[PDB]
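Trainee: Got a structure here, written out as C-alpha cells. Questions coming.
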Amino acid sequence: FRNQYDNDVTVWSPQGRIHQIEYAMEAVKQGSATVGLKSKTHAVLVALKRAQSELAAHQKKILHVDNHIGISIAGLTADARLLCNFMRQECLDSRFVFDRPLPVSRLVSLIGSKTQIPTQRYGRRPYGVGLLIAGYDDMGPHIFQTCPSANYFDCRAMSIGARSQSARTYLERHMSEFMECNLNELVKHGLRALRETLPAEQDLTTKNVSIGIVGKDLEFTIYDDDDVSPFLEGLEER
Amino acid sequence: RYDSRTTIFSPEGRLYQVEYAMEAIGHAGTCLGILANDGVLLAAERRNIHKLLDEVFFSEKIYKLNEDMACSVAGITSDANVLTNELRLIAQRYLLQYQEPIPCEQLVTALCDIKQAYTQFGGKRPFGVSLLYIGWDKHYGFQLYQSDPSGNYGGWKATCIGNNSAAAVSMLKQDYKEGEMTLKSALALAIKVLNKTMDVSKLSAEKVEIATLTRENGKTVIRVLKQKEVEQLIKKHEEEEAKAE
Amino acid sequence: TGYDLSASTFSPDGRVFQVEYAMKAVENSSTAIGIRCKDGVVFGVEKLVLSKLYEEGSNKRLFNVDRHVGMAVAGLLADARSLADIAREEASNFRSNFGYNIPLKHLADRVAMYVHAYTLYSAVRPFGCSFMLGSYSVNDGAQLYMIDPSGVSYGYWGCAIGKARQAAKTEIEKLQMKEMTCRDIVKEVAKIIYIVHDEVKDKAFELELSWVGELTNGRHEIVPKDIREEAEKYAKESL
Amino acid sequence: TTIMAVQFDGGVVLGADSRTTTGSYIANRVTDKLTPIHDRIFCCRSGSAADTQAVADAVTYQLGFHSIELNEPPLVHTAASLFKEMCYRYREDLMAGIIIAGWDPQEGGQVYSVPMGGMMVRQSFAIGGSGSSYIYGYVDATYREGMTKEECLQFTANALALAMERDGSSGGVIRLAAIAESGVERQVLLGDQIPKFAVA
Amino acid sequence: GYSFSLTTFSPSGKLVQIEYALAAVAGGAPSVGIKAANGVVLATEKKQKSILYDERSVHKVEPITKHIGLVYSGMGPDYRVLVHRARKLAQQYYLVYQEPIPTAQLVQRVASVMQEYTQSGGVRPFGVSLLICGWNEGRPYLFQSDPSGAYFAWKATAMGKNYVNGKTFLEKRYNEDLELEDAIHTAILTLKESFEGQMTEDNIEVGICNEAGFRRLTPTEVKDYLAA
Amino acid sequence: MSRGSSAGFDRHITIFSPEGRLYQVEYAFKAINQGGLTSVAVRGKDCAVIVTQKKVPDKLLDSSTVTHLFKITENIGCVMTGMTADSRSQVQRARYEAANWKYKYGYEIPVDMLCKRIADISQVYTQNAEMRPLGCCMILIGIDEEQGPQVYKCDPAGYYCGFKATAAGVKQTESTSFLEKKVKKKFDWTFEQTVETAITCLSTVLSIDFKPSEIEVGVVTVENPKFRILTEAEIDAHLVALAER
Amino acid sequence: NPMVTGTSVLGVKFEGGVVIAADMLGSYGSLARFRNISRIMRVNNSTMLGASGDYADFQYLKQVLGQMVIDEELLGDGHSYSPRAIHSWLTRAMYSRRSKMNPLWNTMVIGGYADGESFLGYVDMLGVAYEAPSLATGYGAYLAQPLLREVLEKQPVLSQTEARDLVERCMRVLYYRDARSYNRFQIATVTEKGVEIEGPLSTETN
Amino acid sequence: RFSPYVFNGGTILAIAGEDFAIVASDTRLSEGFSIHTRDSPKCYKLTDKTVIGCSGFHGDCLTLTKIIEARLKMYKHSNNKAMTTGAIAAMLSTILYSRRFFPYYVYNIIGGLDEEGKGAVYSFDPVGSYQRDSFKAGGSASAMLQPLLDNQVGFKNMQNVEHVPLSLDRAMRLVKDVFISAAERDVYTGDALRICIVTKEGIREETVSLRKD
Amino acid sequence: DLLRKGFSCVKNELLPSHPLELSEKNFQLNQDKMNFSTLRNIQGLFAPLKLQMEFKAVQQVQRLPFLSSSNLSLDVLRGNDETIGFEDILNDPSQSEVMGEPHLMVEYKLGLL
C-alpha cells in the first residue's frame with residue numbers, strides 16, 4: 001500500500017520515510033565483500049574481486065586516490081568511478097592550495113555533502129555505491145565507510161557488500177586485539193574476515209583478493225594478483 | 001501512443017496532436033483563394049455576424065503582410081494574430097537584407113519553418129492556424145499558397161480552407177477554367193463557391209470579405225472590396241443562377 | 001490521499017501532507033533534549049550505537065555551527081548535517097558583513113526560512129529533520145530555539161525532539177530550569193535521558209552531552225569528559 | 001570640506017562645513033554634509049558628492065532593513081562595517097571618505113573613520129576632507145580626554161573655523177550635531193557666531 | 001480527459017482550458033460597455049457588499065492613461081496584473097512615439113500578452129475578459145479582450161455573469177442616435193436588469209471617455225444618475 | 001524539469017475547473033484555519049488596532065518569542081494568520097518590499113501600496129506550476145499622512161481590499177457578523193470605543209473574557225504613528241475596563 | 001593603487017619560536033594619519049602575521065584569513081592550519097589576485113612555531129614566496145635585513161632575549177633612517193605556549 | 001601602474017650524458033638590488049627519472065612547479081603509469097602555451113632519462129617551444145655559460161681533438177667550474193650550487209659554495 | 001575554424017567597447033547580484049534561493065526563443081512592473097530586427113549546440 005510513494009526520491013512515504021534511499025542501500029548488497037579493519041599504525045582494505053565473469057580479469061575494487069587515502073567500492077561502478085574522480089580532484093586541490101595532505105575526516109564530510117545534494121532534488125538518484133576509505137593523516141589511521149544515504153560513519157572495522165554480515169560478526173568478535181598488530185597479523189585478520197563471507201567450498205585464491213595498505217610510513221599501495229602471495233600465504237584453513 | 005505532448009509518434013505513425021490541430025481549422029470561417037491570369041482574389045467568410053460589432057476596418061481575416069503580398073487566416077484567431085505579426089516582421093527583415101520585396105515562397109517557407117518547429121522540439125501547443133497567401137513577385141508572377149498547422153504547404157491554383165472545405169474544393173476542381181480565366185470571372189466563380197458553402201443563411205455583403213490583388217502600372221494594389229461592389233456581384237450571380245433555370 | 005505527492009499541493013481540508021510526513025519522519029530518530037538555565041544551554045542526545053564496530057564519536061549529532069552557537073538534531077542524519085552546514089554559512093556571512101557574532105534569534109530565523117523555502121516547491125522535498133540552536137552571550141543571556149521541518153521557529157525553555165518527545169517533555173516539566181546552573185542541570189539532563197530511553201528495543205546507546213554558557217565563556221563545547229562520567233553515574237544510581 | 005567628529009563621555013559630537021566647490025566656483029554654499037544614516041547614527045561625506053551620496057543612501061537602506069530584522073537599534077559598528085564593505089569593494093570607482101559616528105546602547109558614543117580606500121578604524125576624534133590638513137596640529141595639541149558636551153562643541157567649532165579660514169574648498173556655515181542617548185541636537189553656526197581669530 | 005494540459009488540442013480540436021477561463025469570466029461580476037456617439041461608458045457591478053468593505057481603496061473601472069480605461073469581469077488579481085502591464089505598454093508606446101497610444105494598438109498588445117499565456121505550458125490563461133474604452137481623434141472606441149487573446153470591437157456589449165440576457169437587452173435598446181448622457185442611463189438600466197440586490201450609492205462603478213479623456217465617475221455623480 | 005502538473009481538477013494550481021474556479025487557491029484559504037487562531041482589526045478615525053489570540057499549548061515554550069504581530073516598517077504593522085512558516089516568510093517579503101520602496105521612491109511606503117505589492121506577488125503563485133500559495137493572510141495597519149487610518153488585508157488568492165474593520169481566522173464569519181453590527185451601530189471609536197470594540201468582538205465570538213496573557217495588541221494613532229505593541233499591563237487595564245463598569 | 005600603507009615588518013627566527021615586529025602607523029601618503037592602528041594578526045594558536053602596504057587589504061585578509069581558522073575550529077576534528085599551510089594559502093591567494101591584475105597590495109611575514117620547528121615565510125603582492133631565518137619588508141629590507149643577516153651569519157641560532165634585542169635594535173635603525181615610521185611598534189612572539197603580542201613599545205634613544 | 005612581472009634572477013644548467021642528466025642551479029633569490037635569500041634552490045624533483053629546473057620570475061616558478069606536480073598525479077591516476085620525460089616536456093610546452101597572452105615568465109630545462117635510460121635534456125622558452133639538446137643553460141647567466149659549454153662539451157671550434165664521451169665525474173667537474181666562473185662576473189649568481197644527478201639509481205644531490213658577495 | 005554564421009570569434013574584440021559596454025549590457029545580472037547580496041547579507045540564503053528558484057520557472061515556459069516574448073511574471077517579481085528603463089524602449093525584442101532559423105535558435109536555448 002505504498003506504490004505511489006516509492007518512485008521518486010523527493011516523495012516522503014506516509015510513514016516518514018524515503019523509500020528511494022532504502023532502495024539505494026540495496027545496491028551495496030549487490031557488490032562483493034570487502035573489509036577495512038585498522039591497527040594503531042596502519043589501515044588496510046581487503047576486498048574480494050568479482051568471479052562472475054570467467055577468463056576475463058576481475059574488476060578493480062581497490063582504487064588509488066592519493067598518497068595517503070585509498071578507497072574500496074561496493075556499489076554501482078558508475079557512481080563509484082564518478083565519486084573517485086571527485087575525491088582525486090579534492091585531494092589535488094588541497095595539495096595545490098595549502099600544500100598539505102587533505103585530512104581524511106574532512107574529505108569524508110565533503111563526500112557526505114556531495115552525495116546528499118542529489119537525495120533532495122527531483123530527477124536525480126542517490127549515489128548507489130558504498131565506499132571504504134582507508135587513510136592516514138596527523139591523527140593516524142582512519143577507516144570511514146560511506147552509504148548511498150549520504151551518511152558516513154567512522155569505523156574501527158567494517159565490511160560492506162554481499163554477505164558482509166558474516167564478516168561484521170567476525171570483526172566484532174575480534175575487534176579488541178586489532179590496535180596492537182604488526183602489518184602481517186592485521187592483513188591476516190582482514191583476510192580471515194573476508195574469508196568468513198565466502199562459501200566454505202572455495203578459498204581465497206591469489207586471483208580474487210586485492211589487499212591495499214596505508215599507514216605511518218607506507219604510502220597507499222595496492223597489491224594486485226600474484227604480488228598478494230606474501231600476505232595470503234600462511235593463512236590457516238577454516 | 002496517444003494524444004499528448006505534441007512530440008510523440010503514435011504506434012501507427014500519425015502525429016495525433018497535429019491531426020487535432022488540423023481539426024480546429026474545420027470549424028473556422030470558410031476562406032478560399034483563386035488564381036487568375038491578371039490577378040488574385042482572396043475571399044473569406046466573416047463569421048462575426050453579430051450586429052453589435054463595429055470596426056469593419058479593412059479586415060477581420062484579411063491581413064496585409066507587405067507592399068506586395070497579403071494573407072488570410074482560419075482557426076484560433078489569436079495564434080493567427082501572432083503568425084501575421086511574424087510574417088510582417090520576416091518580410092521586413094528580408095527587405096532590409098536584399099532591398100527587394102520578399103518572394104512569396106521565401107516568406108511562406110520561413111513561416112512554415114516556425115510552424116513545424118512547434119510540431120517538434122517543444123512541449124508547447126502547435127499553432128492551430130491554417131493560412132492562405134496571395135502575392136506577386138518577379139520570379140513567377142501571381143502566386144497562391146496554403147498552410148496547415150503541420151508546417152506543410154503547397155502552391156495552389158485555386159483552393160479553400162475552413163468550414164465546408166471538401167465541397168468547396170470539389171466544386172472548384174469540377175468548376176475551374178484553369179489557366180485561362182480573367183479576374184472577375186474568378187470573382188463570379190468565388191461567389192458561386194461561397195453560395196455552395198452557405199449555412200442556411202443566404203449570404204450578403206455583411207457576411208463576405210472578398211479582397212483582390214492586381215498588377216498595375218508597376219505598383220501592386222490590394223483593395224478590399226467595399227459594400228456596393230460586393231452587393232452588385234451578388235445580384236449578378238443571383239440573376240445568373242436564376243436564368244440558369 | 002492523492003494530495004500528498006508534492007509540497008506544492010494543498011489537501012482539500014487545507015493541509016500540506018508532504019511536510020507533515022517530514023514532521024512525522026523525525027519520530028524515526030532517537031530523542032534529543034536541550035535545557036536552558038541561568039548560565040547557559042546544555043544539550044544531550046540518546047545517540048544510538050548501531051554496532052560495536054563504530055568509533056566512539058561516529059554519527060555525531062551535536063554539531064558546532066559557530067563559536068557561540070550549538071546545534072542538536074533529530075531525523076535524517078544526512079539532511080540534518082546539511083542544515084548544520086548551511087547554518088555554518090549564515091554565521092560566517094553575518095560575521096563577514098557586520099563584524100560581530102550573529103545573534104542566535106537572528107540565526108534561527110535565517111535558517112528556519114530556508115527549511116521553509118524547501119517546503120513550497122514541487123522540485124525539491126522538505127528537510128526531514130528538526131534541530132535546536134543554543135547559545136549564550138552576556139548581552140542577551142542564554143537562548144534556545146527549535147525548528148521543525150515545516151519551518152516554524154520558536155524559542156523554548158525546555159525542548160525535546162525525537163521518537164519520545166512526549167515523555168521527555170513531561171519529565172523536563174519537572175525542573176525549575178530558570179533557577180539552576182549548568183553544573184546542576186547536566187545531572188538532570190542525564191536523568192531525563194535514561195528515564196525517557198526505551199531499553200527493550202535500543203540497547204547500546206551512547207549518551208552525548210554539550211553545553212555553552214557562562215561557565216565556558218560563551219563558547220560551544222562538548223562536555224569535558226569527567227563531567228560526562230559523573231552525570232552517567234548520577235543517572236545510574238537514580239535508576 | 002572639513003568634516004569632524006569627537007567622542008565625548010556618553011555620546012558623540014559631529015561637525016562639518018558647508019561648501020561644495022566645482023572648481024573655483026561655489027556650486028552650493030549651505031550644503032548639509034551630515035546625512036542621518038539612522039535615528040542616532042550619522043555620516044559625514046567627503047570627496048566626490050555623487051559617490052558619497054549614493055553610498056549613504058545604500059547604507060541607510062541596508063541598515064534600516066537590518067534594524068527591522070533584528071528588532072533593535074543598530075550598533076554604530078554595524079553601520080561602520082556596512083560603509084566599509086561598499087567603500088572597499090568599489091574602492092577604485094569611488095572617492096568617498098566617511099566619518100561614520102553615532103551612539104548605541106551597548107558601546108556608547110563611537111567615532112569610526114572609514115577613509116578613502118576601505119579602512120575601518122575607531123578614533124577618539126576623527127577629521128577628514130580637504131581642509132583637515134590645516135587642523136591636524138590644532139586637534140593634536142588641544143584634544144583632551146573626558147571632555148563634556150559643551151566644550152566638545154566649542155572645540156569642534158574652533159577647529160572648523162581654523163580650517164575654513166585657510167582652505168578654499170571649505171567655508172560657509174558650520175553645521176553641528178550633538179548625538180547623545182536622548183537624541184540629536186543640531187545647530188548651525190553662521191556669520192558672527194563662527195569663532196574669529198585676530199589676523200596680524 | 002484532455003481537460004488537463006492547456007497544450008493538448010481535443011480530438012474535436014477545441015482548447016478546453018481556454019474553454020474554462022470563459023466559464024470563469026461568465027461566473028464573474030457583470031460589466032457593461034456602451035459606445036455613445038461622442039463617448040464611451042463602462043459600468044461594473046460591485047461585490048464589496050458588506051459595509052466593512054471600502055471604496056476608497058480598490059477600484060474596478062481603472063484607468064490606463066489620460067484617455068483609456070478598462071473594466072473586467074473575472075478574477076480581480078489577474079485584472080490587477082493585466083492593468084499593470086497595459087500601463088507598461090501604453091507608456092512604452094508613448095516613449096517610442098511622442099503620441100498617446102491608439103486604443104486599437106493597446107488592445108492588440110494586451111491581447112498578445114494574454115495569448116502568450118494561452119500557449120506556454122506550465123501556466124494558466126488569465127481568468128478575465130477586459131472591456132477597453134478610448135477616444136482617438138474624434139471617435140470613440142470600445143474593445144473586448146477574450147482570455148484566448150482574441151479581441152473584438154463592440155458598439156455595446158455586456159459581460160460577466162448573466163451576460164447573454166444583457167447582450168439581448170442591449171439589442172432593442174441601442175442605436176446610432178443615443179449619445180453619452182443617454183448612454184449612461186441605458187447602461188445603468190442594463191445593469192439593474194440583472195443586478196440582484198437593488199443598487200444604491202456605490203454598488204456600481206462607472207467610467208466615461210469623451211475628449212476630456214477617460215474619467216471615473218465619482219459616487220455623487222452616479223447618485224445623480226440613479227435619481228432617474 | 002518539475003514533477004509535472006498533477007493530473008486533476010483539484011490536483012494542481014493552474015488547472016481550471018469546468019466552471020472556471022481555481023481549487024488550490026481555495027484550499028489555501030481553508031488552510032488559514034489551521035492553528036485555530038483568529039485575528040480582528042478595527043479602526044477609528046484616528047487609530048487602527050489589531051488584536052489576536054496568543055494560544056500557547058505548553059509551558060516550556062518562551063511566551064515572549066511566540067507572537068503573530070510583526071512590525072513591517074516603523075509606521076506599518078501586520079498580524080498574520082495561518083500556517084506559521086509561510087506567515088513569517090511573507091513578513092520577510094513585506095519588510096524587504098517596504099524598505100525597497102523607500103529606497104527607490106524616497107518616502108515611506110503607504111499601506112495601500114504595500115498591500116497591493118504583496119497581493120501582486122502572491123497572485124503570481126496562483127499562475128505557475130510549482131509555486132504554492134502561502135497559506136497565510138496579512139492584515140496591515142498604519143497612517144500614511146492624510147489618507148486616514150487604514151486597515152487592509154491580503155489573501156492567498158491575491159485579493160486585497162479596504163476595511164473599516166476586519167477579521168481573519170477560524171471564528172471569522174461570526175466575527176464578521178458581530179463587527180458588521182458594530183459598524184452599523186456607532187462609529188466614533190476614538191481610542192476606547194476602539195480596542196474595547198475589538199476585544200469585545202474577539203471575546204463574544206470566541207469565549208468568556210480573556211486574560212492579559214492570551215491577547216496581543218498593536219496600535220497606530222494619528223498623533224503617534226509608530227507601531228506599538230501594548231504591554232501586558234495596559235492590555236490588562238483595558239481588560240478591567242471591560243470588567244469595570 | 002594603495003592609499004594608506006604600512007612601512008616595514010621585521011622577523012627573526014630563534015630557538016623555540018619566532019619573533020616578529022611592526023610599528024603602528026598608517027601613512028596616507030607622506031602623512032602619519034592613523035597613529036594607533038595595529039598591523040599584527042594572531043592567526044591561530046601557533047601562527048601570527050604581520051603586513052605592510054595597503055591597510056584596507058590587510059583588513060580584508062584579517063576578515064578572510066581569520067574566518068578560515070574559525071571554519072576549521074568548529075569542525076573539532078583537531079587538524080589545524082600549520083604555519084606552512086597558511087603561508088601556502090596566502091601565496092596562492094595573492095598570486096591569483098595578481099593574475100587578474102587586481103593585486104592585494106601587501107607584503108606579509110608569516111611566522112609560526114609548530115611541531116618543535118620554527119617557521120618564517122614571506123609573501124608579497126606578486127606571489128614571490130620563500131622562507132628565511134630573518135625577514136624584512138619595505139625599507140626594512142635595506143636597513144634592518146643587513147644587521148639581522150650579519151648577526152645570524154656569526155651565530156646561527158639565537159635565544160629569545162638576543163632575538164628580541166636584535167629586533168629592537170633594528171627598529172631603532174628603522175626609526176632613525178625611514179621616513180614613514182613611528183616610534184610606537186609592536187612585537188609579537190610565538191613559542192610552544194602560544195602567540196603573545198606586547199605593545200605599544202616606544203624607543204627611548206640617546 | 002602595476003608591473004605584473006618582476007625578475008628574480010637565477011641560473012640553471014643541464015647536461016645530458018649517456019647514463020645521467022645533470023641539472024644544476026644557483027640558489028640566490030634576488031630582486032632589483034637586494035638578496036631575498038641565499039638558500040632558495042631552483043631545481044625541483046618531478047619523477048624518479050626526471051628533474052625540472054625553473055628560473056626567472058619566482059611566483060610563476062612556484063605556480064608552474066605546482067601545476068606540473070598536479071598534472072603528473074592526474075596522469076598517474078588516469079593512465080596508471082609515471083610519465084616519461086618526453087611526455088612531461090610535451091605537457092610543459094602545452095601548459096606554457098595556454099598562457100600565450102599572459103606568459104609564464106620562467107625559463108625551464110628538463111633533465112632526466114628517456115625510455116631507454118639514456119640521458120636527455122629539453123630546453124624551453126616562456127611560451128613553450130621545446131627541443132632536445134645535449135646541454136643547455138638558461139636564466140640570467142645563460143649568456144656566460146653557453147659558449148663555454150659549446151667549447152667543452154660540443155667541442156666546437158677545436159681541431160684534431162679526440163671526442164671522448166662525457167663521463168659523470170668530468171661532468172661534475174665541468175659544472176662546478178663553470179658556475180665558479182659565472183659567480184665571478186654575474187651579480188645574480190652565487191651563494192650556493194645545488195646539483196641534481198639524475199641516474200638510473202635515483203636522484204642524488206650535491207651542493208657546493210660560491211662567492212657569497 | 002568554421003563560419004557560415006559570422007565566424008563566431010570576437011577574439012580581436014575581447015576588451016570591452018566602453019567602460020559602459022559589459023556593465024550596461026548586463027546590468028540585469030548586475031542588479032540581480034546587488035539585490036542577492038543585499039538579501040544574502042541581511043535577509044538570508046533562503047531569499048536568494050527563492051528568487052533563483054522562481055526566476056528559473058518563469059523563463060522555462062514563456063515562448064520559443066525565435067519568437068518575441070513579453071516575460072510578464074518576471075517583471076512583477078522584481079519591481080519592473082512599475083519601473084521602466086532604457087532597456088524597454090531601445091531595440092525592443094519584439095522587432096528584434098535580426099533572427100536566425102527557428103529550430104537552430106530553440107535548441108541552443110536548452111543547449112543542444
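Residues are named by chain letter and number: chains run A, B, ... in the order of the C-alpha cells, numbers start at 1 in each chain, and ligands are numbered from 1 in the order shown.
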Show which residues sit within 12 Å of residue 166 (chain D), as a PDB file with N, CA and C atoms, in the first residue's frame. Count only C-alpha atoms, and ignore same-chain residues fewer than 3 positions away.
Mentor:
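Final output, part37.pdb:
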```
ATOM      1  N   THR D   1      35.442  71.412   2.766  1.00  0.00           N
ATOM      2  CA  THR D   1      35.124  70.065   3.214  1.00  0.00           C
ATOM      3  C   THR D   1      36.021  69.675   4.373  1.00  0.00           C
ATOM      4  N   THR D   2      35.541  69.866   5.599  1.00  0.00           N
ATOM      5  CA  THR D   2      36.351  69.618   6.784  1.00  0.00           C
ATOM      6  C   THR D   2      35.537  68.892   7.847  1.00  0.00           C
ATOM      7  N   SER D 130      39.318  67.882   2.623  1.00  0.00           N
ATOM      8  CA  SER D 130      40.476  68.607   2.117  1.00  0.00           C
ATOM      9  C   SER D 130      41.101  69.488   3.183  1.00  0.00           C
ATOM     10  N   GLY D 131      40.289  70.182   3.961  1.00  0.00           N
ATOM     11  CA  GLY D 131      40.820  71.133   4.907  1.00  0.00           C
ATOM     12  C   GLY D 131      41.357  70.551   6.191  1.00  0.00           C
ATOM     13  N   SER D 132      41.246  69.241   6.400  1.00  0.00           N
ATOM     14  CA  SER D 132      41.681  68.657   7.663  1.00  0.00           C
ATOM     15  C   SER D 132      43.184  68.769   7.862  1.00  0.00           C
ATOM     16  N   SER D 133      43.930  68.935   6.772  1.00  0.00           N
ATOM     17  CA  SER D 133      45.377  69.037   6.882  1.00  0.00           C
ATOM     18  C   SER D 133      45.778  70.266   7.676  1.00  0.00           C
ATOM     19  N   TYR D 134      44.976  71.318   7.622  1.00  0.00           N
ATOM     20  CA  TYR D 134      45.325  72.560   8.285  1.00  0.00           C
ATOM     21  C   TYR D 134      44.921  72.587   9.749  1.00  0.00           C
ATOM     22  N   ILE D 135      44.286  71.530  10.255  1.00  0.00           N
ATOM     23  CA  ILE D 135      43.902  71.464  11.657  1.00  0.00           C
ATOM     24  C   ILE D 135      44.357  70.185  12.334  1.00  0.00           C
ATOM     25  N   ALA D 159      37.987  74.223  15.639  1.00  0.00           N
ATOM     26  CA  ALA D 159      38.750  73.522  14.614  1.00  0.00           C
ATOM     27  C   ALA D 159      38.186  73.805  13.233  1.00  0.00           C
ATOM     28  N   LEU D 160      36.862  73.790  13.101  1.00  0.00           N
ATOM     29  CA  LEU D 160      36.274  74.045  11.796  1.00  0.00           C
ATOM     30  C   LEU D 160      36.528  75.474  11.345  1.00  0.00           C
ATOM     31  N   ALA D 161      36.460  76.442  12.260  1.00  0.00           N
ATOM     32  CA  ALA D 161      36.746  77.817  11.871  1.00  0.00           C
ATOM     33  C   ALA D 161      38.177  77.952  11.375  1.00  0.00           C
ATOM     34  N   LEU D 162      39.119  77.331  12.088  1.00  0.00           N
ATOM     35  CA  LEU D 162      40.515  77.355  11.669  1.00  0.00           C
ATOM     36  C   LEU D 162      40.690  76.753  10.290  1.00  0.00           C
ATOM     37  N   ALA D 163      39.997  75.658  10.013  1.00  0.00           N
ATOM     38  CA  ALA D 163      40.135  75.070   8.689  1.00  0.00           C
ATOM     39  C   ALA D 163      39.510  75.945   7.615  1.00  0.00           C
ATOM     40  N   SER D 169      38.445  75.200  -0.423  1.00  0.00           N
ATOM     41  CA  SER D 169      37.359  74.248  -0.588  1.00  0.00           C
ATOM     42  C   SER D 169      36.572  74.052   0.697  1.00  0.00           C
ATOM     43  N   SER D 170      36.648  75.006   1.620  1.00  0.00           N
ATOM     44  CA  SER D 170      35.980  74.886   2.906  1.00  0.00           C
ATOM     45  C   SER D 170      35.575  76.267   3.385  1.00  0.00           C
ATOM     46  N   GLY D 171      34.292  76.439   3.661  1.00  0.00           N
ATOM     47  CA  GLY D 171      33.801  77.717   4.133  1.00  0.00           C
ATOM     48  C   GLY D 171      32.295  77.704   4.199  1.00  0.00           C
ATOM     49  N   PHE D 197      39.649  84.618  14.766  1.00  0.00           N
ATOM     50  CA  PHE D 197      40.981  84.722  15.339  1.00  0.00           C
ATOM     51  C   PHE D 197      41.738  85.858  14.670  1.00  0.00           C
ATOM     52  N   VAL D 199      43.742  88.254  12.812  1.00  0.00           N
ATOM     53  CA  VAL D 199      44.844  88.224  11.862  1.00  0.00           C
ATOM     54  C   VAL D 199      45.825  89.341  12.195  1.00  0.00           C
TER      55      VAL D 199
END
```
Trainee: For residue 180 (chain H), work out the shell of residues within 10 Å, counting only C-alpha atoms and skipping chain neighbours fewer than 5 positions away, then give it as a ChimeraX atom specification.
Mentor: /H:174-175,185,189-190,193,208-211
Trainee: Quick one: residues within 8 Å of region 48-52 of chain C, only C-alpha atoms counted, chain neighbours fewer than 4 positions away excluded, as a ChimeraX atom specification?
Mentor: /A:172 /C:30,202,204-206
Trainee: What residues in chain F lie within 6 Å of chain E, counting only C-alpha atoms, written as a list in words?
Mentor: residues 14, 18, 19, 20, 127, 128, 129, 158, 159, 161, 162, 163, 164 and 165 of chain F
Trainee: Keeping N, CA and C atoms for every residue in the selection just given, could you write it to a file as a PDB file, in the first residue's frame?
Mentor:
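Final output, out-v2.pdb:
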```
ATOM      1  N   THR F  14      -2.697  25.593 -11.438  1.00  0.00           N
ATOM      2  CA  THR F  14      -3.086  26.395 -12.593  1.00  0.00           C
ATOM      3  C   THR F  14      -4.235  25.761 -13.364  1.00  0.00           C
ATOM      4  N   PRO F  18     -14.223  23.092 -14.549  1.00  0.00           N
ATOM      5  CA  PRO F  18     -15.115  23.291 -15.702  1.00  0.00           C
ATOM      6  C   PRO F  18     -15.853  24.610 -15.690  1.00  0.00           C
ATOM      7  N   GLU F  19     -16.269  25.106 -14.532  1.00  0.00           N
ATOM      8  CA  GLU F  19     -16.860  26.433 -14.439  1.00  0.00           C
ATOM      9  C   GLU F  19     -15.826  27.466 -14.008  1.00  0.00           C
ATOM     10  N   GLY F  20     -14.556  27.178 -14.265  1.00  0.00           N
ATOM     11  CA  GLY F  20     -13.520  28.177 -14.110  1.00  0.00           C
ATOM     12  C   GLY F  20     -13.360  28.681 -12.694  1.00  0.00           C
ATOM     13  N   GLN F 127      -0.350  31.158 -10.570  1.00  0.00           N
ATOM     14  CA  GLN F 127      -0.284  31.078 -12.017  1.00  0.00           C
ATOM     15  C   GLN F 127       0.810  30.166 -12.548  1.00  0.00           C
ATOM     16  N   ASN F 128       1.812  29.815 -11.755  1.00  0.00           N
ATOM     17  CA  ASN F 128       2.858  28.915 -12.209  1.00  0.00           C
ATOM     18  C   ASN F 128       2.608  27.498 -11.707  1.00  0.00           C
ATOM     19  N   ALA F 129       3.535  26.607 -12.039  1.00  0.00           N
ATOM     20  CA  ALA F 129       3.268  25.180 -11.962  1.00  0.00           C
ATOM     21  C   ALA F 129       3.975  24.467 -10.817  1.00  0.00           C
ATOM     22  N   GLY F 158      -4.591  36.561  -3.820  1.00  0.00           N
ATOM     23  CA  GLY F 158      -4.069  37.796  -4.357  1.00  0.00           C
ATOM     24  C   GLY F 158      -5.008  38.974  -4.250  1.00  0.00           C
ATOM     25  N   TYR F 159      -6.190  38.783  -3.680  1.00  0.00           N
ATOM     26  CA  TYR F 159      -7.145  39.856  -3.492  1.00  0.00           C
ATOM     27  C   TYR F 159      -6.760  40.715  -2.295  1.00  0.00           C
ATOM     28  N   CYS F 161      -8.381  44.514  -0.134  1.00  0.00           N
ATOM     29  CA  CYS F 161      -9.493  45.451  -0.112  1.00  0.00           C
ATOM     30  C   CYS F 161      -9.393  46.326   1.122  1.00  0.00           C
ATOM     31  N   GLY F 162     -10.144  47.421   1.100  1.00  0.00           N
ATOM     32  CA  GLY F 162     -10.198  48.324   2.228  1.00  0.00           C
ATOM     33  C   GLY F 162     -11.233  47.914   3.257  1.00  0.00           C
ATOM     34  N   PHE F 163     -10.879  48.087   4.525  1.00  0.00           N
ATOM     35  CA  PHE F 163     -11.764  47.687   5.602  1.00  0.00           C
ATOM     36  C   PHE F 163     -11.843  48.793   6.640  1.00  0.00           C
ATOM     37  N   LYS F 164     -13.067  49.099   7.055  1.00  0.00           N
ATOM     38  CA  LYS F 164     -13.254  49.885   8.261  1.00  0.00           C
ATOM     39  C   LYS F 164     -12.994  49.052   9.497  1.00  0.00           C
ATOM     40  N   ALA F 165     -13.240  47.750   9.405  1.00  0.00           N
ATOM     41  CA  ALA F 165     -12.949  46.814  10.482  1.00  0.00           C
ATOM     42  C   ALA F 165     -13.050  45.418   9.896  1.00  0.00           C
TER      43      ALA F 165
END
```
Trainee: Please measure the separation of CA of residue 67 (chain C) and CA of residue 216 (chain C), giving the value in Å to one decimal.
Mentor: 11.3 Å
Trainee: Using only C-alpha atoms and a cut-off of 10 Å, which residues of chain C sit close to chain D? Please list them as a compact mmCIF listing (two decimals) with N, CA and C atoms, in the first residue's frame.
Mentor:
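Listed below is the output, result_39.txt:
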```txt
# COMPACT_ATOMS: atom_id res chain seq x y z
N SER C 96 31.20 38.29 8.44
CA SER C 96 31.95 39.00 7.41
C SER C 96 31.31 40.34 7.08
N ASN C 97 29.99 40.43 7.18
CA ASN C 97 29.34 41.68 6.79
C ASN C 97 29.22 42.67 7.94
N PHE C 98 29.05 42.19 9.17
CA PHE C 98 28.77 43.08 10.28
C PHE C 98 29.76 42.95 11.43
N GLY C 99 30.85 42.23 11.25
CA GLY C 99 31.91 42.28 12.24
C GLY C 99 31.74 41.50 13.52
N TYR C 100 30.54 41.51 14.09
CA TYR C 100 30.31 40.84 15.36
C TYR C 100 29.57 39.52 15.15
N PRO C 103 23.55 37.12 16.10
CA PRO C 103 22.62 36.84 17.20
C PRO C 103 21.90 35.53 16.97
N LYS C 105 18.85 34.63 17.90
CA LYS C 105 17.48 34.81 17.45
C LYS C 105 17.42 35.14 15.97
N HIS C 106 18.44 35.83 15.46
CA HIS C 106 18.50 36.09 14.03
C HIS C 106 18.92 34.87 13.23
N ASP C 109 16.14 32.48 12.68
CA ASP C 109 15.22 32.96 11.66
C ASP C 109 15.81 32.94 10.26
N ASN C 139 25.33 39.85 26.63
CA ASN C 139 24.38 40.87 26.23
C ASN C 139 22.94 40.38 26.37
```
